[PDB]
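Text of coords23.cif, listed as mmCIF, N, CA and C atoms:
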```
data_entry
#
loop_
_atom_site.label_atom_id
_atom_site.label_comp_id
_atom_site.auth_asym_id
_atom_site.auth_seq_id
_atom_site.Cartn_x
_atom_site.Cartn_y
_atom_site.Cartn_z
N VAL G 1214 81.98 94.96 122.71
CA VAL G 1214 83.32 95.46 122.99
C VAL G 1214 83.83 96.41 121.90
N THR G 1215 84.24 97.65 122.30
CA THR G 1215 84.78 98.63 121.36
C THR G 1215 86.23 98.29 121.06
N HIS G 1216 86.62 98.47 119.81
CA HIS G 1216 88.00 98.25 119.39
C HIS G 1216 88.54 99.48 118.66
N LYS G 1217 89.84 99.45 118.38
CA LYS G 1217 90.51 100.51 117.67
C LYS G 1217 91.47 99.90 116.66
N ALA G 1218 91.90 100.73 115.72
CA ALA G 1218 92.96 100.38 114.79
C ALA G 1218 94.06 101.41 114.96
N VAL G 1219 95.27 100.93 115.09
CA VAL G 1219 96.45 101.75 115.24
C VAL G 1219 97.39 101.54 114.06
N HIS G 1220 98.32 102.49 113.90
CA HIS G 1220 99.29 102.49 112.84
C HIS G 1220 100.68 102.44 113.44
N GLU G 1221 101.61 101.77 112.75
CA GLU G 1221 103.02 101.76 113.08
C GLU G 1221 103.79 101.90 111.79
N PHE G 1222 104.90 102.67 111.82
CA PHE G 1222 105.81 102.73 110.69
C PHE G 1222 107.09 101.98 110.99
N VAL G 1223 107.64 101.35 109.95
CA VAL G 1223 108.95 100.73 109.97
C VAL G 1223 109.74 101.21 108.76
N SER G 1224 111.06 101.13 108.90
CA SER G 1224 111.95 101.30 107.77
C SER G 1224 112.10 99.97 107.01
N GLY G 1225 111.90 100.03 105.70
CA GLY G 1225 112.17 98.90 104.83
C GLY G 1225 113.60 98.81 104.37
N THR G 1226 114.46 99.72 104.82
CA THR G 1226 115.84 99.81 104.37
C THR G 1226 116.73 99.35 105.51
N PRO G 1227 117.29 98.13 105.40
CA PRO G 1227 118.14 97.61 106.49
C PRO G 1227 119.19 98.61 106.92
N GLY G 1228 119.32 98.75 108.21
CA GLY G 1228 120.35 99.60 108.80
C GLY G 1228 119.95 101.05 109.00
N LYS G 1229 118.85 101.49 108.41
CA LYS G 1229 118.48 102.90 108.43
C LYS G 1229 117.21 103.10 109.25
N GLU G 1230 117.37 103.87 110.33
CA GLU G 1230 116.21 104.20 111.19
C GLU G 1230 115.37 105.38 110.62
N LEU G 1231 114.08 105.33 110.88
CA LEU G 1231 113.20 106.41 110.46
C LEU G 1231 113.51 107.72 111.21
N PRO G 1232 113.51 108.85 110.51
CA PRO G 1232 113.71 110.13 111.19
C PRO G 1232 112.38 110.67 111.69
N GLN G 1233 112.48 111.68 112.58
CA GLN G 1233 111.29 112.32 113.12
C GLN G 1233 110.37 112.85 112.03
N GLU G 1234 110.89 113.36 110.92
CA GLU G 1234 110.01 113.93 109.91
C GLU G 1234 109.07 112.89 109.33
N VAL G 1235 109.53 111.63 109.25
CA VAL G 1235 108.67 110.54 108.81
C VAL G 1235 107.75 110.08 109.94
N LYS G 1236 108.31 109.91 111.14
CA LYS G 1236 107.50 109.47 112.27
C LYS G 1236 106.30 110.40 112.49
N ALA G 1237 106.49 111.71 112.27
CA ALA G 1237 105.44 112.68 112.50
C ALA G 1237 104.25 112.51 111.56
N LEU G 1238 104.40 111.73 110.49
CA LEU G 1238 103.32 111.44 109.57
C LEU G 1238 102.46 110.26 110.02
N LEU G 1239 102.77 109.66 111.17
CA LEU G 1239 101.99 108.51 111.64
C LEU G 1239 100.55 108.93 111.89
N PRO G 1240 99.57 108.28 111.29
CA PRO G 1240 98.17 108.69 111.52
C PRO G 1240 97.71 108.38 112.94
N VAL G 1241 96.67 109.11 113.36
CA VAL G 1241 96.01 108.84 114.62
C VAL G 1241 95.26 107.50 114.56
N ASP G 1242 94.96 106.97 115.75
CA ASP G 1242 94.17 105.77 115.84
C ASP G 1242 92.77 106.01 115.30
N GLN G 1243 92.20 104.97 114.72
CA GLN G 1243 90.79 104.93 114.36
C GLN G 1243 90.04 104.27 115.50
N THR G 1244 88.96 104.90 116.03
CA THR G 1244 88.32 104.49 117.30
C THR G 1244 86.87 104.01 117.09
N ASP G 1245 86.33 103.43 118.16
CA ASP G 1245 84.89 103.13 118.31
C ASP G 1245 84.45 101.89 117.51
N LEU G 1246 85.38 101.00 117.18
CA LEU G 1246 85.09 99.85 116.33
C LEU G 1246 84.37 98.76 117.13
N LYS G 1247 83.66 98.04 116.48
CA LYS G 1247 82.96 96.84 116.92
C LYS G 1247 83.27 95.69 115.97
N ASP G 1248 83.17 94.38 116.57
CA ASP G 1248 83.27 93.17 115.77
C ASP G 1248 82.32 93.26 114.59
N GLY G 1249 82.84 92.91 113.42
CA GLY G 1249 82.10 92.92 112.18
C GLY G 1249 82.39 94.12 111.29
N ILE G 1250 83.09 95.13 111.81
CA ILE G 1250 83.38 96.34 111.05
C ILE G 1250 84.70 96.16 110.30
N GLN G 1251 84.68 96.45 108.99
CA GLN G 1251 85.90 96.52 108.17
C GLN G 1251 86.59 97.90 108.30
N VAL G 1252 87.99 97.90 108.40
CA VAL G 1252 88.84 99.09 108.54
C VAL G 1252 89.93 99.10 107.48
N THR G 1253 90.26 100.32 107.03
CA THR G 1253 91.25 100.57 106.03
C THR G 1253 92.25 101.52 106.64
N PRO G 1254 93.56 101.29 106.48
CA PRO G 1254 94.53 102.17 107.13
C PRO G 1254 94.45 103.59 106.57
N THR G 1255 94.75 104.56 107.44
CA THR G 1255 94.82 105.94 107.03
C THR G 1255 96.09 106.18 106.22
N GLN G 1256 95.97 106.85 105.08
CA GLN G 1256 97.14 107.20 104.31
C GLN G 1256 97.98 108.22 105.06
N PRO G 1257 99.30 108.11 105.06
CA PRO G 1257 100.13 109.24 105.51
C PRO G 1257 99.79 110.47 104.67
N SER G 1258 99.79 111.65 105.28
CA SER G 1258 99.35 112.89 104.60
C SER G 1258 100.34 113.25 103.49
N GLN G 1259 101.60 112.86 103.65
CA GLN G 1259 102.64 112.97 102.62
C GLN G 1259 103.21 111.56 102.43
N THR G 1260 103.53 111.17 101.21
CA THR G 1260 104.08 109.82 100.94
C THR G 1260 105.53 109.91 100.48
N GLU G 1261 106.14 111.09 100.51
CA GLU G 1261 107.55 111.28 100.14
C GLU G 1261 108.12 112.32 101.10
N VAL G 1262 109.26 112.05 101.72
CA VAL G 1262 109.93 113.00 102.64
C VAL G 1262 111.36 113.14 102.14
N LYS G 1263 111.75 114.34 101.73
CA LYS G 1263 113.11 114.59 101.24
C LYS G 1263 113.97 114.99 102.43
N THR G 1264 115.18 114.46 102.53
CA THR G 1264 116.15 114.75 103.61
C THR G 1264 117.44 115.21 102.94
N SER G 1265 118.41 115.65 103.75
CA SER G 1265 119.70 116.03 103.19
C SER G 1265 120.41 114.84 102.55
N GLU G 1266 120.13 113.62 103.02
CA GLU G 1266 120.80 112.42 102.53
C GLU G 1266 120.04 111.70 101.43
N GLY G 1267 118.77 112.01 101.18
CA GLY G 1267 118.03 111.33 100.11
C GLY G 1267 116.53 111.43 100.27
N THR G 1268 115.80 110.39 99.91
CA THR G 1268 114.34 110.43 99.96
C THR G 1268 113.78 109.22 100.71
N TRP G 1269 112.81 109.44 101.58
CA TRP G 1269 112.00 108.37 102.17
C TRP G 1269 110.71 108.32 101.37
N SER G 1270 110.34 107.13 100.90
CA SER G 1270 109.12 106.95 100.09
C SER G 1270 108.23 105.96 100.82
N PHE G 1271 106.95 106.27 100.93
CA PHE G 1271 106.01 105.36 101.59
C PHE G 1271 105.70 104.26 100.59
N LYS G 1272 105.98 103.01 100.95
CA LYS G 1272 105.65 101.86 100.05
C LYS G 1272 104.11 101.43 100.12
N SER G 1273 103.74 100.96 101.30
CA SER G 1273 102.38 100.45 101.55
C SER G 1273 102.27 100.03 103.00
N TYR G 1274 101.04 99.82 103.40
CA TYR G 1274 100.77 99.05 104.58
C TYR G 1274 100.78 97.55 104.25
N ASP G 1275 100.95 96.74 105.31
CA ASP G 1275 101.04 95.27 105.28
C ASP G 1275 99.76 94.62 104.81
N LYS G 1276 98.65 95.27 105.11
CA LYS G 1276 97.30 94.86 104.75
C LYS G 1276 96.61 96.04 104.17
N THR G 1277 95.69 95.79 103.23
CA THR G 1277 94.80 96.83 102.73
C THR G 1277 93.55 96.98 103.59
N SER G 1278 93.18 95.96 104.36
CA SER G 1278 92.07 96.12 105.28
C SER G 1278 92.16 95.06 106.35
N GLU G 1279 91.35 95.24 107.40
CA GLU G 1279 91.07 94.16 108.33
C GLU G 1279 89.64 94.30 108.80
N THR G 1280 88.97 93.17 109.03
CA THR G 1280 87.61 93.16 109.54
C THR G 1280 87.70 92.76 111.01
N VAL G 1281 87.28 93.66 111.86
CA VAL G 1281 87.45 93.51 113.31
C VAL G 1281 86.75 92.24 113.78
N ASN G 1282 87.45 91.47 114.61
CA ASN G 1282 86.91 90.22 115.12
C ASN G 1282 87.59 89.88 116.44
N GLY G 1283 87.28 90.63 117.48
CA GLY G 1283 87.70 90.29 118.82
C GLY G 1283 88.98 90.94 119.30
N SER G 1284 89.68 91.69 118.45
CA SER G 1284 90.95 92.30 118.80
C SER G 1284 91.08 93.67 118.13
N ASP G 1285 91.90 94.51 118.75
CA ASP G 1285 92.31 95.75 118.10
C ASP G 1285 93.23 95.38 116.94
N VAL G 1286 93.31 96.28 115.96
CA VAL G 1286 93.95 96.10 114.65
C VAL G 1286 95.23 96.94 114.69
N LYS G 1287 96.35 96.43 114.08
CA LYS G 1287 97.52 97.25 113.79
C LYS G 1287 97.85 97.14 112.31
N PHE G 1288 98.00 98.30 111.67
CA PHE G 1288 98.51 98.38 110.30
C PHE G 1288 99.96 98.87 110.37
N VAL G 1289 100.85 98.13 109.69
CA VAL G 1289 102.29 98.44 109.67
C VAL G 1289 102.61 98.99 108.29
N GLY G 1290 103.11 100.22 108.26
CA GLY G 1290 103.46 100.90 107.02
C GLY G 1290 104.97 100.97 106.87
N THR G 1291 105.50 100.64 105.66
CA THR G 1291 106.91 100.55 105.38
C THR G 1291 107.32 101.75 104.53
N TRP G 1292 108.41 102.39 104.96
CA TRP G 1292 109.03 103.50 104.21
C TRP G 1292 110.33 102.94 103.66
N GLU G 1293 110.74 103.34 102.48
CA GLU G 1293 112.03 102.94 101.89
C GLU G 1293 112.91 104.17 101.75
N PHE G 1294 114.19 104.07 101.99
CA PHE G 1294 115.14 105.17 101.85
C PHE G 1294 116.03 104.97 100.63
N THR G 1295 116.21 106.02 99.84
CA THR G 1295 117.15 106.02 98.73
C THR G 1295 118.07 107.22 98.88
N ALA G 1296 119.37 106.99 98.87
CA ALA G 1296 120.32 108.05 99.18
C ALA G 1296 120.63 108.92 97.97
#
```

Structure rendered as structure tokens:
Amino acid sequence: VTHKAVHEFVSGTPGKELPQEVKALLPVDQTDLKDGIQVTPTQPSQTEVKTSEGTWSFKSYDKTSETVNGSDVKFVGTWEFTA
């Protein structure tokens, strides 16, 4: 069975939604995986996004890796906002 790894971004700053400029940095899925394969999340191409109101900074993903075992993988990446 082939599997994939996908990415999701969240805001780490309560009350503040991610803007399109940050969402657009979401990496593409990693494809063609099989059970037994280790995966590492793709880095966002930029880790800092400046806005009129402040800065979004990429903190980290929730995991540094996952080894595929029967399911597709999701890595959740957190951005923090400072005004």

Point to revise | Residue among G:1266, G:1218, G:1273, G:1288 lying closest to residue 1242 in chain G, counting all atoms listed in the file | key: G:1218

Practice item. Can you work out the spacing between atom N of residue 1256 in chain G and atom N of residue 1285 in chain G in Å, to one decimal? Key: 18.9 Å

Point to revise | Explicit residue set for the PyMOL selection byres ((chain G and resi 1220-1229) around 8), as a VMD selection string | key: chain G and resid 1217 to 1219 1230 to 1232 1235 to 1236 1239 to 1243 1254 to 1255 1286 to 1295

Check your understanding: Which one is closest to residue 1278 in chain G: G:1252, G:1296, G:1262, G:1246? Count all atoms listed in the file.
Key ->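 When distances to residue 1278 in chain G are compared using all atoms listed in the file, the smallest one comes from G:1252.
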
**Study point:** DSSP-assigned strand (DSSP E or B) members of chain G, reported as a PyMOL selection string
**Key:** chain G and resi 1216-1224+1243-1246+1251-1252+1261-1263+1268-1274+1279-1280+1286-1295

What are the centre and the three edge lengths of an axis-aligned box that wraps all atoms of range 1275-1284 of chain G in the file, given that 8 Å is added to every side, written as JSON and rounded to one decimal in Å?
```
{"center_x": 93.9, "center_y": 93.4, "center_z": 111.0, "size_x": 30.3, "size_y": 23.1, "size_z": 32.6}
```

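Of the residues in chain G, those given alpha helix (DSSP H) by DSSP on the backbone are residues 1233, 1234, 1235 and 1236 of chain G.
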
Exercise for review: Could you expand the PyMOL selection byres ((chain G and resi 1280-1282) around 6.5) into the explicit residues it covers here, written as a count of residues only?
Suggested key: 10

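Straight-line separation from CA of residue 1234 in chain G to CA of residue 1269 in chain G: 9.7 Å.
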
Would you mind completing range 1271-1296 of chain G to N, CA, C and O atoms and writing the output as a PDB file, in the coordinates of the input?
```pdb
ATOM      1  N   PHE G1271     106.950 106.270 100.930  1.00  0.00           N
ATOM      2  CA  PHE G1271     106.010 105.360 101.590  1.00  0.00           C
ATOM      3  C   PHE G1271     105.700 104.260 100.590  1.00  0.00           C
ATOM      4  O   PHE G1271     105.205 104.537  99.472  1.00  0.00           O
ATOM      5  N   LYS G1272     105.980 103.010 100.950  1.00  0.00           N
ATOM      6  CA  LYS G1272     105.650 101.860 100.050  1.00  0.00           C
ATOM      7  C   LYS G1272     104.110 101.430 100.120  1.00  0.00           C
ATOM      8  O   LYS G1272     103.213 101.653  99.206  1.00  0.00           O
ATOM      9  N   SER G1273     103.740 100.960 101.300  1.00  0.00           N
ATOM     10  CA  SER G1273     102.380 100.450 101.550  1.00  0.00           C
ATOM     11  C   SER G1273     102.270 100.030 103.000  1.00  0.00           C
ATOM     12  O   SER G1273     103.268  99.908 103.698  1.00  0.00           O
ATOM     13  N   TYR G1274     101.040  99.820 103.400  1.00  0.00           N
ATOM     14  CA  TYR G1274     100.770  99.050 104.580  1.00  0.00           C
ATOM     15  C   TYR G1274     100.780  97.550 104.250  1.00  0.00           C
ATOM     16  O   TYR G1274     100.608  97.123 103.090  1.00  0.00           O
ATOM     17  N   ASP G1275     100.950  96.740 105.310  1.00  0.00           N
ATOM     18  CA  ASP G1275     101.040  95.270 105.280  1.00  0.00           C
ATOM     19  C   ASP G1275      99.760  94.620 104.810  1.00  0.00           C
ATOM     20  O   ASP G1275      99.759  93.530 104.282  1.00  0.00           O
ATOM     21  N   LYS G1276      98.650  95.270 105.110  1.00  0.00           N
ATOM     22  CA  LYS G1276      97.300  94.860 104.750  1.00  0.00           C
ATOM     23  C   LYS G1276      96.610  96.040 104.170  1.00  0.00           C
ATOM     24  O   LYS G1276      96.847  97.176 104.557  1.00  0.00           O
ATOM     25  N   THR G1277      95.690  95.790 103.230  1.00  0.00           N
ATOM     26  CA  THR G1277      94.800  96.830 102.730  1.00  0.00           C
ATOM     27  C   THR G1277      93.550  96.980 103.590  1.00  0.00           C
ATOM     28  O   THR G1277      92.888  98.019 103.516  1.00  0.00           O
ATOM     29  N   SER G1278      93.180  95.960 104.360  1.00  0.00           N
ATOM     30  CA  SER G1278      92.070  96.120 105.280  1.00  0.00           C
ATOM     31  C   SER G1278      92.160  95.060 106.350  1.00  0.00           C
ATOM     32  O   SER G1278      92.914  94.097 106.227  1.00  0.00           O
ATOM     33  N   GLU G1279      91.350  95.240 107.400  1.00  0.00           N
ATOM     34  CA  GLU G1279      91.070  94.160 108.330  1.00  0.00           C
ATOM     35  C   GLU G1279      89.640  94.300 108.800  1.00  0.00           C
ATOM     36  O   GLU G1279      89.162  95.409 109.023  1.00  0.00           O
ATOM     37  N   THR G1280      88.970  93.170 109.030  1.00  0.00           N
ATOM     38  CA  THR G1280      87.610  93.160 109.540  1.00  0.00           C
ATOM     39  C   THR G1280      87.700  92.760 111.010  1.00  0.00           C
ATOM     40  O   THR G1280      88.185  91.676 111.363  1.00  0.00           O
ATOM     41  N   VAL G1281      87.280  93.660 111.860  1.00  0.00           N
ATOM     42  CA  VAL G1281      87.450  93.510 113.310  1.00  0.00           C
ATOM     43  C   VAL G1281      86.750  92.240 113.780  1.00  0.00           C
ATOM     44  O   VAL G1281      85.582  91.980 113.437  1.00  0.00           O
ATOM     45  N   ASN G1282      87.450  91.470 114.610  1.00  0.00           N
ATOM     46  CA  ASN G1282      86.910  90.220 115.120  1.00  0.00           C
ATOM     47  C   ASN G1282      87.590  89.880 116.440  1.00  0.00           C
ATOM     48  O   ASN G1282      88.424  88.962 116.518  1.00  0.00           O
ATOM     49  N   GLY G1283      87.280  90.630 117.480  1.00  0.00           N
ATOM     50  CA  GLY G1283      87.700  90.290 118.820  1.00  0.00           C
ATOM     51  C   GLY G1283      88.980  90.940 119.300  1.00  0.00           C
ATOM     52  O   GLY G1283      89.315  90.799 120.479  1.00  0.00           O
ATOM     53  N   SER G1284      89.680  91.690 118.450  1.00  0.00           N
ATOM     54  CA  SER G1284      90.950  92.300 118.800  1.00  0.00           C
ATOM     55  C   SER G1284      91.080  93.670 118.130  1.00  0.00           C
ATOM     56  O   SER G1284      90.493  93.932 117.106  1.00  0.00           O
ATOM     57  N   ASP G1285      91.900  94.510 118.750  1.00  0.00           N
ATOM     58  CA  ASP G1285      92.310  95.750 118.100  1.00  0.00           C
ATOM     59  C   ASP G1285      93.230  95.380 116.940  1.00  0.00           C
ATOM     60  O   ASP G1285      93.848  94.335 116.932  1.00  0.00           O
ATOM     61  N   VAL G1286      93.310  96.280 115.960  1.00  0.00           N
ATOM     62  CA  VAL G1286      93.950  96.100 114.650  1.00  0.00           C
ATOM     63  C   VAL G1286      95.230  96.940 114.690  1.00  0.00           C
ATOM     64  O   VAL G1286      95.173  98.067 115.169  1.00  0.00           O
ATOM     65  N   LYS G1287      96.350  96.430 114.080  1.00  0.00           N
ATOM     66  CA  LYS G1287      97.520  97.250 113.790  1.00  0.00           C
ATOM     67  C   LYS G1287      97.850  97.140 112.310  1.00  0.00           C
ATOM     68  O   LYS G1287      98.019  96.044 111.771  1.00  0.00           O
ATOM     69  N   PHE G1288      98.000  98.300 111.670  1.00  0.00           N
ATOM     70  CA  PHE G1288      98.510  98.380 110.300  1.00  0.00           C
ATOM     71  C   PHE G1288      99.960  98.870 110.370  1.00  0.00           C
ATOM     72  O   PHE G1288     100.240  99.889 110.991  1.00  0.00           O
ATOM     73  N   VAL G1289     100.850  98.130 109.690  1.00  0.00           N
ATOM     74  CA  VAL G1289     102.290  98.440 109.670  1.00  0.00           C
ATOM     75  C   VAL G1289     102.610  98.990 108.290  1.00  0.00           C
ATOM     76  O   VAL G1289     102.389  98.318 107.263  1.00  0.00           O
ATOM     77  N   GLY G1290     103.110 100.220 108.260  1.00  0.00           N
ATOM     78  CA  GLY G1290     103.460 100.900 107.020  1.00  0.00           C
ATOM     79  C   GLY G1290     104.970 100.970 106.870  1.00  0.00           C
ATOM     80  O   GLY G1290     105.676 101.360 107.780  1.00  0.00           O
ATOM     81  N   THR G1291     105.500 100.640 105.660  1.00  0.00           N
ATOM     82  CA  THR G1291     106.910 100.550 105.380  1.00  0.00           C
ATOM     83  C   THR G1291     107.320 101.750 104.530  1.00  0.00           C
ATOM     84  O   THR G1291     106.646 102.043 103.516  1.00  0.00           O
ATOM     85  N   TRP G1292     108.410 102.390 104.960  1.00  0.00           N
ATOM     86  CA  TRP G1292     109.030 103.500 104.210  1.00  0.00           C
ATOM     87  C   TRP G1292     110.330 102.940 103.660  1.00  0.00           C
ATOM     88  O   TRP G1292     110.996 102.311 104.373  1.00  0.00           O
ATOM     89  N   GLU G1293     110.740 103.340 102.480  1.00  0.00           N
ATOM     90  CA  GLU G1293     112.030 102.940 101.890  1.00  0.00           C
ATOM     91  C   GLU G1293     112.910 104.170 101.750  1.00  0.00           C
ATOM     92  O   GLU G1293     112.443 105.143 101.338  1.00  0.00           O
ATOM     93  N   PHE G1294     114.190 104.070 101.990  1.00  0.00           N
ATOM     94  CA  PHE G1294     115.140 105.170 101.850  1.00  0.00           C
ATOM     95  C   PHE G1294     116.030 104.970 100.630  1.00  0.00           C
ATOM     96  O   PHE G1294     116.525 103.857 100.407  1.00  0.00           O
ATOM     97  N   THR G1295     116.210 106.020  99.840  1.00  0.00           N
ATOM     98  CA  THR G1295     117.150 106.020  98.730  1.00  0.00           C
ATOM     99  C   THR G1295     118.070 107.220  98.880  1.00  0.00           C
ATOM    100  O   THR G1295     117.586 108.345  99.015  1.00  0.00           O
ATOM    101  N   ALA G1296     119.370 106.990  98.870  1.00  0.00           N
ATOM    102  CA  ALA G1296     120.320 108.050  99.180  1.00  0.00           C
ATOM    103  C   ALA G1296     120.630 108.920  97.970  1.00  0.00           C
ATOM    104  O   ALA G1296     120.739 108.423  96.847  1.00  0.00           O
TER     105      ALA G1296
END
```
